[PDB]
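A.B. asks: My structure is below; once you've seen it, I'll send some questions.
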Amino acid sequence: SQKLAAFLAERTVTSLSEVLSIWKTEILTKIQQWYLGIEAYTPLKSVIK
Amino acid sequence: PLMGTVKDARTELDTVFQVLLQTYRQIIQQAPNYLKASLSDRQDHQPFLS
Amino acid sequence: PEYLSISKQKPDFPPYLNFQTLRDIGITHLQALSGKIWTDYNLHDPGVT
Amino acid sequence: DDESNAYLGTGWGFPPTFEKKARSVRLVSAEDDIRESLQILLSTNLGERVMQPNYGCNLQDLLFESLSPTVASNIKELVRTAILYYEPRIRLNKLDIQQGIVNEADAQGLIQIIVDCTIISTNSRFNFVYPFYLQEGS
């Protein structure tokens with residue numbers, strides 16, 4: 001929310017890049033690390049994927 | 001969205017964020033139901049942890 | 001002097017404060033968790049210490 | 001799984017070793033699990049375990065003495081009693097004790113004790129190896 005408000009204040013490339021880096025580093029990387037850190041003897045392994 | 005009405009610029013970003021957050025929340029919510037089975041299903045845990 | 005003679009229950013303490021009960025519960029849980037790899041439970045084993 | 005010598009058991013090594021690339025603690029088995037056992041028993045004094053006042057062996061009570069026959073017999077009695085009570089998996093053959101011989105001045109101050117043992121081919125009712133002792137008894 002903070003990053004989106006800061007972008008909507010002034011629309012340039014750097015604000016957009018920060019908004020995108022939020023998504024890249026706070027959601028998707030962590031889903032990947034969660035997936036690789038689990039073994040197949042639990043059902044969660046098949047849920048996430 | 002750097003070439004259109006500030007609303008169109010708003011809608012696109014919210015539209016992507018909503019899907020990402022839905023999946024994130026689903027995983028977080030379902031996780032707590034497997035902790036005890038992850039323990040009681042084996043007899044070959046590392047001793048320094050058990 | 002309040003106590004002129006003592007017993008196993010005079011002064012009295014809650015029944016969970018018993019070294020042998022705690023030790024037996026610990027050993028049972030250890031065998032349930034890792035009894036397939038760590039099988040030696042004699043007194044020389046550092047884990048019992 | 002039922003391998004060979006499973007009845008002799010596996011356990012922690014001495015001293016404890018931790019590996020970091022392989023996220024585990026070192027474990028010994030069979031004959032190594034027995035040898036290390038001895039190293040513990042003869043290096044602990046009688047009062048050092050918290051609720052086990054009878055576990056140990058008081059060898060350092062015989063330091064600063066010459067090796068007379070009455071000292072050798074006492075060493076032998078102590079070692080035999082400790083092994084009889086706390087090592088059911090082996091059979092002790094003989095004890096060899098010598099003083100002297102290196103410098104013939106440094107050699108005079110040390111005592112050497114040799115322990116000869118063999119491993120019994122049967123199980124024992126006093127061996128706490130899982131899960132046999134739940135049925136083999138006490």
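Labeling convention for the structure tokens: chains A, B, ... as they appear, residues from 1 per chain, ligands from 1 in order of appearance.
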Write out as JSON lines the residues of chain B that have any atom within 8 Å of an atom of chain D, one row each with the nearest atom pair and its distance in Å to one decimal, counting only C-alpha atoms, sorted by chain and then rising number.

C.D. replies:
```
{"residue": "B:46", "atom": "CA", "partner": "D:24", "partner_atom": "CA", "distance": 6.6}
{"residue": "B:47", "atom": "CA", "partner": "D:25", "partner_atom": "CA", "distance": 7.6}
{"residue": "B:48", "atom": "CA", "partner": "D:25", "partner_atom": "CA", "distance": 6.6}
```

A.B. asks: Emit the selected residues as a CSV table (one decimal), in the first residue's frame, including C-alpha atoms.

C.D. replies:
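File written: again16.csv
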```csv
chain,number,residue,atom,x,y,z
B,46,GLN,CA,17.8,-37.2,13.6
B,47,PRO,CA,18.5,-37.9,17.3
B,48,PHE,CA,19.9,-34.4,18.0
```

A.B. asks: Write out as a list in words the set of residues from chain B that DSSP, computed on the backbone, places in alpha helix (DSSP H).

C.D. replies: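 Alpha helix (DSSP H) assignments inside chain B correspond to residues 8, 9, 10, 11, 12, 13, 14, 15, 16, 17, 18, 19, 20, 21, 22, 23, 24, 25, 26, 27, 28, 29, 30, 35, 36, 37, 38, 39 and 40 of chain B.
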
A.B. asks: With 8 Å as the cut-off and only C-alpha atoms counted, what is the closest atom pair between each nearby residue of chain D and chain C? Distances in Å to one decimal, ordered by chain and number, as CSV.

C.D. replies:
```
residue,atom,partner,partner_atom,distance
D:9,CA,C:40,CA,5.2
D:10,CA,C:40,CA,5.3
D:11,CA,C:40,CA,5.1
D:12,CA,C:45,CA,6.2
D:14,CA,C:46,CA,7.9
D:37,CA,C:44,CA,5.9
D:40,CA,C:44,CA,6.8
D:41,CA,C:44,CA,7.4
D:127,CA,C:42,CA,7.4
D:128,CA,C:42,CA,5.4
D:129,CA,C:40,CA,5.1
D:130,CA,C:39,CA,5.2
D:131,CA,C:39,CA,7.7
```

A.B. asks: Each residue of chain B lying at most 10 Å from range 27-47 of chain A should get a row with its shortest atom-to-atom pair and the distance in Å to one decimal, counting only C-alpha atoms; could you produce that, ordered by chain and increasing number, as JSON lines?

C.D. replies:
```
{"residue": "B:20", "atom": "CA", "partner": "A:27", "partner_atom": "CA", "distance": 7.6}
{"residue": "B:21", "atom": "CA", "partner": "A:27", "partner_atom": "CA", "distance": 8.1}
{"residue": "B:23", "atom": "CA", "partner": "A:27", "partner_atom": "CA", "distance": 9.7}
{"residue": "B:24", "atom": "CA", "partner": "A:27", "partner_atom": "CA", "distance": 7.1}
{"residue": "B:26", "atom": "CA", "partner": "A:47", "partner_atom": "CA", "distance": 9.9}
{"residue": "B:27", "atom": "CA", "partner": "A:47", "partner_atom": "CA", "distance": 8.1}
{"residue": "B:30", "atom": "CA", "partner": "A:44", "partner_atom": "CA", "distance": 8.4}
{"residue": "B:31", "atom": "CA", "partner": "A:44", "partner_atom": "CA", "distance": 7.3}
{"residue": "B:33", "atom": "CA", "partner": "A:44", "partner_atom": "CA", "distance": 9.4}
{"residue": "B:34", "atom": "CA", "partner": "A:42", "partner_atom": "CA", "distance": 7.5}
{"residue": "B:35", "atom": "CA", "partner": "A:42", "partner_atom": "CA", "distance": 9.4}
{"residue": "B:37", "atom": "CA", "partner": "A:42", "partner_atom": "CA", "distance": 7.9}
{"residue": "B:38", "atom": "CA", "partner": "A:42", "partner_atom": "CA", "distance": 6.5}
{"residue": "B:41", "atom": "CA", "partner": "A:41", "partner_atom": "CA", "distance": 8.6}
{"residue": "B:42", "atom": "CA", "partner": "A:41", "partner_atom": "CA", "distance": 9.6}
```

A.B. asks: Go through A:24, A:48, A:4, A:9 one by one, measure the shortest atom-to-atom distance of each to residue 12 in chain B using only C-alpha atoms, and give the residue with the smallest value.

C.D. replies: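 Among the listed residues, the smallest separation from residue 12 in chain B belongs to A:4.
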
A.B. asks: Would you give me, as a ChimeraX atom specification, the residues of chain B that come within 6 Å of chain C, using only C-alpha atoms?

C.D. replies: /B:43-45

A.B. asks: Can you write out the residues you just picked, keeping N, CA, C and O atoms, as a compact mmCIF listing (two decimals), in the first residue's frame?

C.D. replies:
```txt
# COMPACT_ATOMS: atom_id res chain seq x y z
N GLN B 43 9.88 -42.91 12.42
CA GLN B 43 10.71 -43.35 13.54
C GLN B 43 12.19 -43.20 13.24
O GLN B 43 13.01 -43.86 13.89
N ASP B 44 12.56 -42.37 12.28
CA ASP B 44 13.96 -42.20 11.92
C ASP B 44 14.33 -40.73 11.84
O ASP B 44 15.07 -40.30 10.95
N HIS B 45 13.83 -39.93 12.78
CA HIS B 45 14.29 -38.56 12.90
C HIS B 45 15.73 -38.53 13.39
O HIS B 45 16.22 -39.46 14.03
```

A.B. asks: Any idea what the distance is between CA of residue 109 in chain D and CA of residue 62 in chain D?

C.D. replies: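 Computed distance, CA of residue 109 in chain D to CA of residue 62 in chain D, equals 13.1 Å.
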
A.B. asks: Find the residues near range 79-91 of chain D: any atom within 8 Å, counting only C-alpha atoms, skip ones fewer than 4 places away on the same chain, and give them as an mmCIF file with N, CA and C atoms, in the first residue's frame.

C.D. replies:
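Final file, around_33.cif:
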```cif
data_model
loop_
_atom_site.group_PDB
_atom_site.id
_atom_site.type_symbol
_atom_site.label_atom_id
_atom_site.label_comp_id
_atom_site.auth_asym_id
_atom_site.auth_seq_id
_atom_site.Cartn_x
_atom_site.Cartn_y
_atom_site.Cartn_z
ATOM 1 N N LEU D 8 23.675 -55.944 19.284
ATOM 2 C CA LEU D 8 24.696 -55.235 20.046
ATOM 3 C C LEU D 8 24.428 -53.737 20.161
ATOM 4 N N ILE D 34 31.265 -50.534 21.792
ATOM 5 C CA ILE D 34 31.706 -51.186 23.018
ATOM 6 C C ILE D 34 33.005 -50.568 23.513
ATOM 7 N N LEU D 38 33.953 -48.461 27.241
ATOM 8 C CA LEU D 38 34.983 -48.653 28.251
ATOM 9 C C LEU D 38 35.667 -47.338 28.585
ATOM 10 N N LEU D 41 33.687 -45.552 31.171
ATOM 11 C CA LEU D 41 33.495 -46.161 32.482
ATOM 12 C C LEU D 41 34.702 -45.934 33.379
ATOM 13 N N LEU D 42 35.898 -46.088 32.829
ATOM 14 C CA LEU D 42 37.119 -45.982 33.606
ATOM 15 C C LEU D 42 37.634 -44.555 33.730
ATOM 16 N N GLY D 56 30.967 -45.523 38.047
ATOM 17 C CA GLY D 56 32.294 -44.959 37.977
ATOM 18 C C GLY D 56 33.329 -45.934 38.499
ATOM 19 N N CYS D 57 34.564 -45.446 38.611
ATOM 20 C CA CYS D 57 35.690 -46.257 39.064
ATOM 21 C C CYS D 57 36.771 -45.331 39.599
ATOM 22 N N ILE D 75 44.226 -52.532 42.128
ATOM 23 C CA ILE D 75 43.851 -52.085 40.790
ATOM 24 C C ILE D 75 42.999 -53.143 40.105
ATOM 25 N N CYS D 117 39.902 -58.222 26.191
ATOM 26 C CA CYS D 117 38.506 -58.629 26.228
ATOM 27 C C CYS D 117 38.133 -59.336 24.935
ATOM 28 N N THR D 118 37.031 -60.079 24.994
ATOM 29 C CA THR D 118 36.405 -60.670 23.821
ATOM 30 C C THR D 118 34.912 -60.376 23.863
ATOM 31 N N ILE D 119 34.239 -60.571 22.734
ATOM 32 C CA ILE D 119 32.825 -60.243 22.591
ATOM 33 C C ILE D 119 32.021 -61.533 22.553
ATOM 34 N N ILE D 120 31.004 -61.613 23.407
ATOM 35 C CA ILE D 120 30.183 -62.812 23.532
ATOM 36 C C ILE D 120 29.227 -62.904 22.348
ATOM 37 N N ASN D 123 23.238 -62.954 23.280
ATOM 38 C CA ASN D 123 22.742 -61.753 23.930
ATOM 39 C C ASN D 123 22.859 -61.906 25.444
ATOM 40 N N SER D 124 22.463 -60.867 26.172
ATOM 41 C CA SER D 124 22.531 -60.877 27.623
ATOM 42 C C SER D 124 21.278 -60.227 28.183
ATOM 43 N N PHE D 126 21.012 -58.314 30.608
ATOM 44 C CA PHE D 126 21.301 -57.016 31.198
ATOM 45 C C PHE D 126 21.677 -55.967 30.159
ATOM 46 N N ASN D 127 21.377 -56.216 28.886
ATOM 47 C CA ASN D 127 21.740 -55.333 27.782
ATOM 48 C C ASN D 127 20.511 -54.540 27.349
#
```

A.B. asks: Could you pull the residues within 12 Å of residue 18 in chain A, counting only C-alpha atoms, minus those fewer than 2 positions along the same chain, as a list in words?

C.D. replies: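 Once the adjacent positions are removed, what remains is residues 1, 2, 3, 4, 5, 6, 7, 11, 12, 13, 14, 15, 16, 20, 21, 22, 23, 24, 25 and 26 of chain A.
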
A.B. asks: Those residues with N, CA, C and O atoms, as an mmCIF file, in the first residue's frame please?

C.D. replies:
```cif
data_model
loop_
_atom_site.group_PDB
_atom_site.id
_atom_site.type_symbol
_atom_site.label_atom_id
_atom_site.label_comp_id
_atom_site.auth_asym_id
_atom_site.auth_seq_id
_atom_site.Cartn_x
_atom_site.Cartn_y
_atom_site.Cartn_z
ATOM 1 N N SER A 1 0.825 -1.203 0.000
ATOM 2 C CA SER A 1 0.000 0.000 0.000
ATOM 3 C C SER A 1 0.861 1.257 0.000
ATOM 4 O O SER A 1 0.601 2.206 -0.755
ATOM 5 N N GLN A 2 1.894 1.281 0.846
ATOM 6 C CA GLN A 2 2.809 2.420 0.853
ATOM 7 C C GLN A 2 3.444 2.629 -0.515
ATOM 8 O O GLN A 2 3.463 3.750 -1.042
ATOM 9 N N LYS A 3 3.972 1.554 -1.107
ATOM 10 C CA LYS A 3 4.647 1.695 -2.395
ATOM 11 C C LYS A 3 3.685 2.154 -3.484
ATOM 12 O O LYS A 3 4.046 2.979 -4.332
ATOM 13 N N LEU A 4 2.453 1.646 -3.471
ATOM 14 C CA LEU A 4 1.481 2.024 -4.488
ATOM 15 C C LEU A 4 1.089 3.489 -4.363
ATOM 16 O O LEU A 4 0.938 4.183 -5.375
ATOM 17 N N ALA A 5 0.901 3.975 -3.135
ATOM 18 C CA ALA A 5 0.601 5.392 -2.958
ATOM 19 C C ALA A 5 1.758 6.257 -3.438
ATOM 20 O O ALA A 5 1.548 7.264 -4.132
ATOM 21 N N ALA A 6 2.989 5.871 -3.095
ATOM 22 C CA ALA A 6 4.146 6.639 -3.543
ATOM 23 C C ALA A 6 4.239 6.667 -5.062
ATOM 24 O O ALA A 6 4.608 7.689 -5.648
ATOM 25 N N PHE A 7 3.912 5.554 -5.721
ATOM 26 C CA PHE A 7 3.919 5.545 -7.181
ATOM 27 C C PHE A 7 2.833 6.451 -7.745
ATOM 28 O O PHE A 7 3.091 7.265 -8.638
ATOM 29 N N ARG A 11 4.283 9.272 -11.383
ATOM 30 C CA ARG A 11 4.403 8.064 -12.200
ATOM 31 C C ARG A 11 5.682 8.118 -13.027
ATOM 32 O O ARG A 11 5.714 8.684 -14.119
ATOM 33 N N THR A 12 6.757 7.524 -12.505
ATOM 34 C CA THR A 12 7.993 7.325 -13.258
ATOM 35 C C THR A 12 8.439 5.872 -13.142
ATOM 36 O O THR A 12 7.746 5.027 -12.568
ATOM 37 N N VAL A 13 9.622 5.587 -13.694
ATOM 38 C CA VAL A 13 10.069 4.207 -13.859
ATOM 39 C C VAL A 13 10.541 3.617 -12.533
ATOM 40 O O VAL A 13 10.325 2.431 -12.256
ATOM 41 N N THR A 14 11.194 4.425 -11.696
ATOM 42 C CA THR A 14 11.758 3.905 -10.453
ATOM 43 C C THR A 14 10.670 3.467 -9.479
ATOM 44 O O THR A 14 10.797 2.424 -8.823
ATOM 45 N N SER A 15 9.600 4.257 -9.359
ATOM 46 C CA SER A 15 8.494 3.873 -8.488
ATOM 47 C C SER A 15 7.871 2.558 -8.941
ATOM 48 O O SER A 15 7.559 1.686 -8.118
ATOM 49 N N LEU A 16 7.697 2.395 -10.253
ATOM 50 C CA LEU A 16 7.153 1.151 -10.779
ATOM 51 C C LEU A 16 8.079 -0.019 -10.486
ATOM 52 O O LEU A 16 7.621 -1.110 -10.120
ATOM 53 N N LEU A 20 7.268 -3.445 -8.366
ATOM 54 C CA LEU A 20 7.459 -4.796 -8.888
ATOM 55 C C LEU A 20 8.394 -5.611 -8.002
ATOM 56 O O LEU A 20 8.186 -6.817 -7.813
ATOM 57 N N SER A 21 9.436 -4.976 -7.463
ATOM 58 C CA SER A 21 10.359 -5.691 -6.592
ATOM 59 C C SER A 21 9.664 -6.180 -5.334
ATOM 60 O O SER A 21 10.028 -7.232 -4.796
ATOM 61 N N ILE A 22 8.676 -5.425 -4.843
ATOM 62 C CA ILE A 22 7.868 -5.908 -3.721
ATOM 63 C C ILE A 22 7.290 -7.285 -4.033
ATOM 64 O O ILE A 22 7.460 -8.244 -3.267
ATOM 65 N N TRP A 23 6.604 -7.401 -5.173
ATOM 66 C CA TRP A 23 6.006 -8.674 -5.566
ATOM 67 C C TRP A 23 7.062 -9.752 -5.747
ATOM 68 O O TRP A 23 6.851 -10.907 -5.364
ATOM 69 N N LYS A 24 8.195 -9.402 -6.356
ATOM 70 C CA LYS A 24 9.199 -10.420 -6.651
ATOM 71 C C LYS A 24 9.814 -10.988 -5.381
ATOM 72 O O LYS A 24 10.013 -12.203 -5.273
ATOM 73 N N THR A 25 10.128 -10.134 -4.410
ATOM 74 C CA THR A 25 10.898 -10.575 -3.257
ATOM 75 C C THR A 25 10.057 -10.950 -2.048
ATOM 76 O O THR A 25 10.571 -11.628 -1.155
ATOM 77 N N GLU A 26 8.792 -10.544 -1.983
ATOM 78 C CA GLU A 26 8.014 -10.791 -0.779
ATOM 79 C C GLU A 26 6.986 -11.902 -0.924
ATOM 80 O O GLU A 26 6.443 -12.345 0.092
#
```

A.B. asks: What lies within 6 Å of residue 55 in chain D using only C-alpha atoms, ignoring chain neighbours under 2 positions off, as a list in words?

C.D. replies: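 Listing them by chain and then by number gives residues 46, 52 and 53 of chain D.
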
A.B. asks: Can you tell me which residues surround residue 66 in chain D at a distance of at most 10 Å, considering only C-alpha atoms, apart from same-chain residues fewer than 3 positions away, and format the answer as a PDB file with C-alpha atoms, in the first residue's frame?

C.D. replies:
```pdb
ATOM      1  CA  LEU D  62      46.080 -44.988  43.570  1.00  0.00           C
ATOM      2  CA  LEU D  63      48.316 -42.209  42.207  1.00  0.00           C
ATOM      3  CA  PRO D  69      51.933 -56.384  44.828  1.00  0.00           C
ATOM      4  CA  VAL D  71      48.715 -52.081  44.760  1.00  0.00           C
ATOM      5  CA  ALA D  72      48.398 -54.330  41.713  1.00  0.00           C
ATOM      6  CA  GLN D  99      55.773 -49.828  35.730  1.00  0.00           C
ATOM      7  CA  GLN D 108      59.737 -44.411  35.953  1.00  0.00           C
ATOM      8  CA  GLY D 109      56.803 -42.195  36.630  1.00  0.00           C
ATOM      9  CA  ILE D 111      52.006 -46.947  35.007  1.00  0.00           C
TER      10      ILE D 111
END
```

A.B. asks: For CA of residue 5 in chain D and CA of residue 30 in chain D, determine how far apart the two atoms are, in Å to one decimal place.

C.D. replies: 6.6 Å

A.B. asks: Just the number, please: distance in Å from CA of residue 13 in chain D to CA of residue 48 in chain C, one decimal.

C.D. replies: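 Distance between the two atoms: 12.9 Å.
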